[PDB]
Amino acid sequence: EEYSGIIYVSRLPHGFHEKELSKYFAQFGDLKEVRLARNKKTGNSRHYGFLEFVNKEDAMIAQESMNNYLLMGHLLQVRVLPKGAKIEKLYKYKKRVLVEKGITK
């Protein structure tokens, strides 16, 4: 009851973008949305993103499997976000703001 179907994903390795997010995470259930954080001017990846699953059960399973998955010298971090999370709103925050709000912990 207390969690959304949305995950925050970070410590992405070089070359790991929206297509790789989809490829790795769609294996756990159908996806409603995949977003990679990018500098709005240069287009450069900020090396984290947000995904939403159609079934929030699947978000829990993806988080359990992909959190601390070691890929290309990176330990992927995955967090299921509490109820009320909305990618449309969270995607707008500066990275340091997500960190201050405790969303990335």
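The first residue of the shown sequence is 1; numbering continues from there.
Sorting the modelled residues of the chain by their CA temperature factor places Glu64 in the highest third.
Among the modelled residues of its chain, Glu57 has a C-alpha B-factor that falls in the highest third, as given in the PDB entry. In this PDB entry, the Cα temperature factor of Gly49 sits in the bottom third of its chain's modelled residues, the lowest group.
Residue-level temperature factors show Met72 in the highest third of its chain, judged at the C-alpha atom. Sorting the modelled residues of the chain by their CA temperature factor places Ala85 in the lowest third.
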